[PDB]
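Residue strings, one per chain:
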Amino acid sequence: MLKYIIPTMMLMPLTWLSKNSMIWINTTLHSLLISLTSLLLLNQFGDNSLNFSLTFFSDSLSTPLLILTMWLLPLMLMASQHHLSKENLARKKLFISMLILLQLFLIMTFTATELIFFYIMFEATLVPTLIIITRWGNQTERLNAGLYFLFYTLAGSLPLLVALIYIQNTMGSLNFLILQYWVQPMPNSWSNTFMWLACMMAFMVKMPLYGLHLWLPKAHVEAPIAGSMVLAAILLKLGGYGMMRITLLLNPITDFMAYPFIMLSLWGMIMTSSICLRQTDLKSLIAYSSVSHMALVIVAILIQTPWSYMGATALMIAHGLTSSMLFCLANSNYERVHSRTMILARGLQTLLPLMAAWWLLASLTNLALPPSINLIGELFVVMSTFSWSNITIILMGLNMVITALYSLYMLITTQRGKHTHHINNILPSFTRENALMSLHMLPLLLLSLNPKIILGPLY
Amino acid sequence: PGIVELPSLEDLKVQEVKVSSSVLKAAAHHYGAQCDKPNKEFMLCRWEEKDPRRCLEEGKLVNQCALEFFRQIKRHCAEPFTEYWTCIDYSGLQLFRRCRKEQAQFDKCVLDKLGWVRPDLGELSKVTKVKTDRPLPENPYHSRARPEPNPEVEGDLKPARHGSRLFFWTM
Ligand SMILES: CCCCCCCCCCCCCCCCCC(=O)OC[C@H](COP(=O)([O-])OC[C@H](O)COP(=O)([O-])OC[C@H](COC(=O)CCCCCCCCCCCCCCCCC)OC(=O)CCCCCCCCCCCCCCCCC)OC(=O)CCCCCCCCCCCCCCCCC
Ligand SMILES: CCCCCCCCCCCCCCCCCC(=O)OC[C@H](COP(=O)([O-])OC[C@H](O)COP(=O)([O-])OC[C@H](COC(=O)CCCCCCCCCCCCCCCCC)OC(=O)CCCCCCCCCCCCCCCCC)OC(=O)CCCCCCCCCCCCCCCCC
Ligand SMILES: CCCCCCCCCCCCCCCCCC(=O)OC[C@H](COP(=O)([O-])OCC[N+](C)(C)C)OC(=O)CCCCCCCCCCCCCCCCC
C-alpha cells in the first residue's frame, strides 16, 4: 500500500513548493491522479484478501473506503478554497497540509493489518480534524466543539487500547489475518462483558451511537466545509470499519450484548430523524441525518448477518457521498447569505435552477431512492433486520417515512416557495460549485450500474 | 539448633601464673625468647581452629612452659628480677625507658647464669613458622554446601527473529 502512501506524502512538497497562485491547481491535479490510481485496489478475490505486506493489506471492505478517501481530497480542495481566498498564504498551505495529512492517516488506517497500528492511525486522525475545526472553523463554538470531538473519541478509545493490548497478550498477535484463524469464542462473564464494551464503545462513539452523538451536531456544524465533508464521509465510517474488524473477536458474546445498542440505534434513528423534522439550522439537519443513517449501520453490524454487512458497507459509501454533497450544498447557500438558518433564504429554484437540480438529486439520494446504492444499503439492512426480528419493520418503515419527510422538507424550504425579498446577493452558481456537486453525484449514480464493488468482503 | 559442647571444669584446671602484669612485663622479652615454640604452636592452633575448645592442650602447654620459665628465673636470679619488676611496677604507664640499670642488672645475671639473650629490636615481631603435627582444619567456619550458580551464556549471538516483535515493527 506504499504506492499510495508515498504520493500522498509527496503532496507535501507539492503543496509547499507551488507558486502562490498554484497551490490549489497542483494539489487538485495530483490528488485526482492519486484517486485515479486508487482503482488498482479492486484486485479482490472471492476467497482471499488482497494482502500486500506484513503492515498493509486490503480486503473488499477497506477498498471502497479507500477509493472514497482518495477521492474526497480533491473535492475538499475545491470546496474549501473560496472561504480561504482572503487567507494568508502560509495558513492556506497549512490547511492543505492538514487535509493531505488526514488523507495519509486514513489510507493507512483502513489498510492497517495489525489492530494496534489501526488504533494508532485511527486516533492519529483526530489531530488534523481537530486543527481544521478549531482553527479554520467560522464561529465561536468551534473550540467547544473541538473539545467534544476530542474527548468523546479519546474516552471511548483509551479503553480500546487496553482491550487490544490484552488481546495481544492473550492471543499473541493483533494481526487480523492471524486472528481470523486463532479466534477463540468469547464466553459469558463480566470480564468478557467489559472486554466487549472496551472493544465496542470507541466505534460506538465514532459511528455515532444515539446518546453518544452529542459531539456531532457541533463538530459537523462548527467545522469548515472540508472538515464537515471528511467528518461526514470517512470519520463516521472508521467506526463501522473498526466494528467489522473487531466483531470477529467478540463472538458469541455479541449475540446478547448487542441488544441495548440495537435498541438505542433503532430508537435513535427515529429520534434523530424527528429532530431533523424540526431543525432550523441546515448544517445541523444534515448532521442529525448522518446520525439517523449511521444508526442503521450500527444495527446492521450488531446483527452480524451477511446481508447486513453488505447493506452496511453500501450504506457507508452511499451516505458518505450523499452527506458530503449535502454539506457542500449548505456551503453553497452559506457563501451567499452568510447564515445557516434554513428559513432565511427560500425560493432558490427561481434564482438558481441547476443548483436546485443538484439539491433535488441529493434529496432523492438522501431518502434512499432506488436504484441508488443508498437504497441498496437501506433495503439490505431492512431485509436482514426483518430476519433478525419481524417487528423491526415498523421502526424501519417509520424511519423511512420520516427520512423522506425531512429530506423533502429541506428541499421545499431551501428551494421552493416565494423568494426572500431582502436578499439581493444571490449570485449565479459558479463552475466550481456545480463541478463540486457533479463530482459528488455522478460517481454515486454510476455506482448504481456496477454496485458489486461496494458490497464488502462477503459478496 | 544443636546443643553447644563445652569442656568440663576438670578440662579447664591448670596451675595458674599468679603474678602481676608488671612481673610479666619485666621478663617479657626473655619469655618471648625462651617460650617461643609452645606459644607459637598455640597461637597457630588458635588462628587456625578458630575455637578455644580446640586449643586447651596447647594452652596447658603454654601455662606449663611459662611456669617452668618463672621457676627457672626464681632459682637463679630472683633478687635482680625483683629489683627490676619493682621499678617497672612503680610507673603508671610502666615504662621500660625508666629502668635501664635494673634491666642491665637482670639481663647481666640472666646471661651469666642462664645463658638467655634478650632479643633485639624487631625480633619478637617477626612472623615465624610453626611445625605442627595436627592436621589442617578442612572447614573451620563450618560452612555448608554453597548454592550452585546460575548458568552462564554460551553460543554465537544470532540476530533477533523477525526484529523487535513489537506489535508491527518488522525490524
Ligand atoms: C458508464 C456509462 C454510463 C452511461 C449512461 C449514464 C447513466 C446515468 C448517469 C447519470 C444520469 C443523470 C445525469 C443528469 C443529471 C445531473 C445534471 C443535471 O441536473 O443536468 C440537467 C441537464 C438538463 O437540464 P437543463 O434543461 O439543461 O437544465 C436543468 C434545469 O434547469 C433543471 O433541471 P431539472 O431538475 O428540471 O432536470 C433534472 C431531472 C430531474 O428529474 C428527477 O430528479 C427525476 C429522476 C427520478 C425519477 C425518474 C427515474 C427513476 C428511476 C428509473 C431510471 C433508472 C432505472 C432504469 C432501468 C430499468 C428499470 C430498472 O433529472 C434528469 O433529467 C436526470 C435524468 C436521469 C436520472 C437518473 C436518476 C436520478 C435520480 C436520483 C437517483 C435515483 C437512483 C439512482 C439511479 C441511477 C441510474 C443510473 O442535464 C445535462 O446537462 C446533462 C449533462 C451530461 C450528464 C452526463 C451524465 C453521466 C456522467 C458520467 C460520466 C462518466 C461515465 C460516462 C458516461 C457519460 C454519459 C454522457
Ligand atoms: C545496495 C545498497 C543500496 C540499497 C538501496 C535500497 C533502497 C532504495 C531506495 C532508497 C530510499 C529508501 C527509503 C527507505 C526504505 C523504504 C521504507 C518504507 O517504505 O517502509 C515501508 C513501511 C512499512 O511498509 P511495508 O510494506 O511493510 O514494508 C515495505 C518494505 O519492506 C520496507 O522495508 P522494511 O520491511 O525493512 O521496513 C522496516 C520497517 C517497516 O515498518 C514497520 O515495520 C511499520 C512501522 C513503521 C512506523 C509506523 C509509525 C506509526 C506511528 C507514527 C506515524 C507518523 C506520521 C506518519 C507520517 C506523517 C507525515 C510526515 O521500517 C520502519 O519501521 C521504519 C520507520 C518508518 C520510516 C520509513 C522510512 C522512511 C524513509 C524516508 C523518510 C522521509 C519521510 C517519511 C515520512 C515520515 C514517517 C514515516 O511503510 C510505512 O511504515 C508507511 C509510512 C511511510 C513510510 C515512508 C516511505 C519511504 C519513502 C518516502 C518518500 C516520500 C517522502 C515525502 C517527503 C517527506 C514527508 C512529507
Ligand atoms: C465514551 C465514554 C464512555 C466509554 C466507555 C468505555 C467502555 C466501558 C467499560 C470500560 C472498562 C475498562 C476497560 C476494560 C478492558 C478489558 C480488558 C480485559 O482484559 O478485561 C478482562 C479483565 C479481567 O481481568 P484479567 O483478564 O486480568 O483476568 C484473567 C482472566 N480471568 C477473568 C478469566 C481470570 O477485566 C478487568 O480486569 C476489569 C474490567 C472492568 C474495568 C473497570 C474499570 C473501568 C470502568 C469503566 C470506565 C468507563 C470510562 C470512564 C470515562 C468516561 C468518560 C469520562
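(A) Representation of the overall build of chain A in the model. Along the backbone of chain A there are 21 helices and two strands. For a compact globule of 459 residues, the expected C-alpha radius of gyration is about 23 Å, and chain A comes in at 21 Å, within 12% of that figure. Referenced to the eigenvectors of the C-alpha coordinate spread, the extents of chain A come out at roughly 65 × 55 × 45 Å. Scored against the burial criterion, the 459 residues of chain A give a buried share of 60%. Sequence separation of 24 or more characterises 82% of the internal contacts of chain A that already satisfy a separation of 6 or more. Of the roughly 17,800 Å² of accessible surface on chain A, a fraction of 69% belongs to carbon and sulfur atoms.

(B) Geometry of the site of ligand 1. Residues and elements named next belong to chain A. In the vicinity of ligand 1 lie 15 residues, with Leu360, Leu369, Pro370, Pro371 and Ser372 positioned nearest. Sorting the residues of the shell around ligand 1 by element identifies α18 (353–366) and α21 (431–446) as the ones contributing at least two each. A class-by-class count of the residues in the shell around ligand 1 yields 13 nonpolar, two polar and no charged.

(C) How the structure looks around the site of ligand 3. Residue and element names in this part refer to chain A. Looking at ligand 3, the residues that line it are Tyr152, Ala155, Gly156, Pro159, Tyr166, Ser191, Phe194, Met195, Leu197, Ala198, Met201 and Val205. Within the side chain of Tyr166, an N or O atom sits 2.9 Å from an oxygen atom of ligand 3. Protein contact buries 44% of the 1,100 Å² of open area that ligand 3 shows by itself. For the shell around ligand 3, the elements supplying multiple residues, two or more each, are α7 (142–171) and α9 (190–206). Among the elements that line the shell around ligand 3, the one with the most residues is α9, at seven residues. Considered class by class, the residues forming the shell around ligand 3 number ten nonpolar, two polar and no charged.

(D) Up close: unusual backbone geometry. Residue and element names in this part refer to chain A. Following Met207, the chain continues to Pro208 via a peptide bond in cis, the omega torsion being 0°. Residue position: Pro208 is located in the loop between α9 and α10 (216–222). Residue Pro252 follows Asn251 across a cis peptide bond; omega there is 0°. Mapped onto the elements of the fold, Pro252 is located in the loop between α12 (237–246) and α13 (254–257). With phi around 60°, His338 is a residue other than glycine that occupies positive phi space.

Criteria and thresholds
- Residues numbered from 1 in each chain as written, not as in the entry; some residues may be left out.
- Chains lettered and ligands numbered in written order.
- Part of a larger assembly, values for the part shown.
- Heavy atoms only, no water.
- Helix = DSSP H or I, 4+ residues; strand = E, 2+ residues; numbered from the N terminus.
- Rg over C-alpha atoms; globule rule 2.2 N^0.38 Å.
- Buried < 20%, exposed > 50% of the residue type's maximum accessible area, 1.4 Å probe, protein only.
- Contact = heavy atoms within 4.5 Å.
- Areas by Shrake-Rupley, 256 points an atom, 1.4 Å probe, with all protein chains shown as cover.
- Near = heavy atom within 4 Å.
- Nonpolar A, V, L, I, M, F, W, Y, C, P; charged D, E, K, R; others polar.
- Polar contact = N/O pair within 3.5 Å; in protein donor to acceptor, adjacent residues only side chain to side chain.

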